[PDB]
Each structure stands twice: as C-alpha cells, then as structure tokens.
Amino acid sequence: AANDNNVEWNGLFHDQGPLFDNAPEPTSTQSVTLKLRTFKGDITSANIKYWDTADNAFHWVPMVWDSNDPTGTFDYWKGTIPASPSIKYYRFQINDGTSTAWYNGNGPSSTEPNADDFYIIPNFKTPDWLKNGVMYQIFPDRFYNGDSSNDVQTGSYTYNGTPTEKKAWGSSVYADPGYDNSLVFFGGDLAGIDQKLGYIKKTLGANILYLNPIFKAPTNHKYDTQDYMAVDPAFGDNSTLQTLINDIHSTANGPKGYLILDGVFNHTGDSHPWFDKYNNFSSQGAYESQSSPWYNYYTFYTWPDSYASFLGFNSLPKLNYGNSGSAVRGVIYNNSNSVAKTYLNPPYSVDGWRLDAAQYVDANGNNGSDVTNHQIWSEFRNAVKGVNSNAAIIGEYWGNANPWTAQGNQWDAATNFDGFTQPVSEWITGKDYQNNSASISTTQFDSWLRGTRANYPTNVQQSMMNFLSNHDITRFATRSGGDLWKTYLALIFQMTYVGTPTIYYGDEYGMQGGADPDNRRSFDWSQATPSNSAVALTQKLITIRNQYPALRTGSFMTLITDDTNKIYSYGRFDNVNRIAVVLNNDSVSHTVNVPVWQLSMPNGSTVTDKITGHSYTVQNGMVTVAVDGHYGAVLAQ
C-alpha cells in the first residue's frame, strides 16, 4: 500500500506458474526469469537468493520493478537466474525500509528460511500429458467381465494348497470357509476394460488408465508375479493387451489415451520360475537348487526356507539387484527385452509404469531408502526415458517422496498419499484414509497442502497421482459415512487442485468399502451412468479441467480459509484465465464474498460458475456467490 517500513504479506506472491516463471522446465542453456508480486508501491527493494549446487554457495540477484497488473493494485518485480546445467534453489528477500520479509515454496516468513525453497532442475522433464490429464485406476478382476471364457472358476486350480473360489458379480469379496481372500475371483478382464472404454473416455472423460498388476500370477491382485512376459490368462493374452492399448491410444473413440502399468519390480511371486518354490516348472529355481541359474536373483539367510522378502511375506521373495550391470537390473530395465522396455517398445508401446514398493528395491536383501536404491532408480530413468522420453514414471510412496524426485534423476512423480489423500480425507470426512478419527480445520488443511506441495519441484507437483481412495486404503464413501455430499466436495476439489486427478474405479459414483480386500469390490454398473449425481458431477468437473490449462498448470493462490463458516477458496490462474474456486465444507449454506481482486479479475468483467452456468459480475474487487453445504463453485473468466 505504501513505503511505511512494512512489507504487506497479503500483496506478496510467487510460484512457478506462467505469470511468474518464464521457464519452469529449462535446459542447461536456458535462463530463468522470475517475477515477484507485491502490493503497488509497498517495497523499497527485493532480491533473489539462490544456492547453486555447482559451487555449493549462495548467489545474489537484485530484482527490478517490471510492471503493474491490469487493476493497478500490484507491482511485479523481476530478476533472472543465469542458465547452467546445475540444480539451483532460490528464495526471496523482500525489503521496505526497516522491514524485511522472506518468501519461498512455503510462502511469507518473518525470518530467513533454510528449507522449502523453489527448485530449478535443468533438463528435468515430466511428461506433459500426465501433467494435463485425468487418470482412472482399475483393479482388473473387479471392473468388468468382458469375456466369461477366461474366468477363473472355483477349484479351477489351487495355490499353496488352497483352491480358487469364484464369486457372483456383486457378492461379498470375502472368501467363504475353505478358501483364501487372495484367491477370490469375479471375472474382470482386459476385454472388459476395452468394451467399457467408452464409459471411461466419454461418460467420464478420463484419458489415462492405470492398471494394478496384469501379468501371470496366482492371486487376484497379482503382485506375486510368476511371469512378467505374459498377460495372466484370466485377463487375456498379450494379444488382448495390444488391442486394448490400440483402443486406448485411439482418438476415434474419444480423447487420445495413455496406459500406465503396475511394475512390481521389488519382488517376484514365490511361484515364479526363478524361485519355483512349489516346482511348477521343469527348470530349477533358486529355492530348489543353489546351483540354479537364478540363485543370485534372490537373497537367502538360511537356504531355502528363510529369505529376503516384501515385509515378511514368504510368497513375495525379494529380488537382489546387486551392482550395476547385474543380470537382475538387466531383466527388469536394462535389457532391450527387459520387463520395462519390452512393454515400452512396440508392438505394445505402453505409456508408463507405477513403481510398486519402489522404496525397497535394493541389493543383497537390504530395504532401500539408501544410496543403492536411488542409484537404481536413476538407471531406471535412463533406460525408460531412453526408449521414450514421454513415458511416465510414478513411484509408490506414502510419505514425502522428495528423495526420489527432487533431483530430476529418478521418478516423474509419486502416489500423493501425504500431499492429497490424507489431507482431503481428514478435512472432509474427519477421518484419515484408514478410517480413524482425525480432523483438521480449513486453515490447517490449506497449510498442510502448501507444506507438502513445497516438498516437490513444480513439474512433479503437477504430475502427482491424486486419488481419493486406492486399493490399499479404505474407500472415501465409507469414511464419509455414506454422505454422498462429501463426495461432491471431494470431487470438485480433486478436479481443481495441483496434480493429476486420479479416480479409483467406483469412487465417481460413491462406492463404499473398508480395508483390503473390501476396498476392491466389483463395479456396480447400474450406478455407472449420468443418472447418478456423483457420476454427473465427475464428468462435469473433468470437462471443466480439460477446458482450462490454468487448472492443470496454472498458479495456486489461497484466497479464503474461514474456520467459522468452514469455507475454503483458492485460485488457479495463468496468462489466459483466472479461476476462483469456492468450497463449502459446512453442513449449511453460505454466501461468500470472493476477493477476486487477488487474481486481478477486473471490475465490471464477468465471471461464470462453470458448475451452475450462473454468471456474476466483479464489483469492488468482489464476487458474491451462495454455496450449499458440502459443495462448491468454480468462478471462471
């Protein structure tokens, strides 16, 4: 507002959105010009302080006033960080006489921060389609039986002494007395996925599909791989995969699509020939003979009964990656005919992988989260991106996955449990994703989101897998107590936040379910139509996100965090649009004066709540909109 020995925090802003960063994914030779925003005439000077990993030192770049925003309310200060190959971390020092403030990935600060700085990873690139798409996850057996001839039947076969049980579509997922939950089948398959492709890409609008394991394995989840080179017979054959991939990539049935596979590379099933615990193959596996040609693919403490595994499960023997150039690293990703490259190269050309239990991948039976583990995911990236630079790499991780993403040498993104799923669950349903009592206020929710968003490079943020539920946690509908309205707010949010909106099959209509395996129920297709309130909004929302780049790659600015009325409003914006999102997490209606001036929405200009179609006019920097309890508006211009 003026030069008064006071830096006004409310006027301050910056992130790597279009208005502030002219190069968010630069090469070794591209300069990064940054723009800081402040209330007009509020400061005396500003500077950029960045740490360059090339010489391990802090560098200084004084900023200069660049311009005013259309409403003459803000000042934009600029500075440029020189182009080089090295990773850089920056923050801002803001001065107004005797007052000094700092700003970085975590927003304003009275004292100088030492963490949460903004990133500059030269030559690091996350595929843009992932950044701008909407994903739909499918647990094969439970989506749609499109071919009843490949169905696993009761007794069809046995695993570790247990016969398989077949369920009627819609029945409980729990095994009946005498059977195992891992050996319960409903019939979902690849042909089913292909036949319902119209529901995916059109009825909903999603353009990205992510499949849980689909390779030869005895269980129903299939994380106990028996053969990476073959599609499990129950889901079809490799030929079926090809037709599906072609039908997904096809733009003759809707938006061009991308397929992402589940890569279970940390371990193998105990029935995989390399191990062959039950001797299902003539060859000799590691378990049967210390002279086995694959003996060293695993780690034994006391051969053959005690060996390394995934969290103690004997059915999932841990793979030993050894050192660079090892046979294992070759069969998984180095060899041209490896698991990762085989499916990434024709005649399959899938578009990416979901790294299951990626934090554990290691050598000699160790648990990862160490140097070797990271060295491995670095070679993995060179192998993948070497075959196709636009093939996505998303690792599974429940906490801060900064160690595997913050240097642009490993994954493109990660399963956003901590930055999306948990905060959303606790804010809307008052439970954590495992359905335990855990509630947070709007203020707390907005902070939680900013802190976790700051853990990652901007392009990683835009590529994070944001789901309300997934195959390992309780369903949102159950955590909601059945209140379909909470699902409405959740959807509206999910489709307007930073990151790849990811729909866990069934969530779009309000499916319920507890802990594994009850969170993997068969899909109720009578509810899969626009006649369902939730399904309709999902589609409405998806259409809206695809309409505005500002929602996929724009900036994010908090506008309202009211704990009294439980209202949360934020804005997504770029060079073309300004979107004010208003959310009501209360159980009663509220009239909100949305301060759209913060997004520089001109007075007299009109805005439209793309959810209702109702138009509004910006007067005195505000927009008054009434919103029902557990719902929201999407004011766009």
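Numbering starts at 1 and follows the sequence shown.
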According to the deposited model, is the average Cα temperature factor higher in 37-45 or in 592-600?
592-600
Look over 278-286 and 467-475 in the entry and identify the one with the greater average Cα temperature factor.
278-286
Can you tell me which of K78, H374, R381, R329 has the maximum CA B-factor listed in the PDB entry?
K78
Comparing recorded Cα B-factors across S569, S28, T612, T53, which one is largest?
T612
Ranked by Cα temperature factor within the chain, is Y509 in the lowest third, the middle third or the highest third?
middle
Looking at the entry's B-factor column for C-alpha atoms only, identify whether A23 ranks in the lowest, middle or highest third of its chain.
lowest
Check where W65 lands among this chain's C-alpha B-factors and tell me if it's the lowest, middle or highest third.
highest
Can you work out whether the C-alpha temperature factor of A633 puts it in the lowest, middle or highest third of the chain?
lowest
Is the Cα B-factor recorded for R91 in the lowest, middle or highest third of its chain?
middle
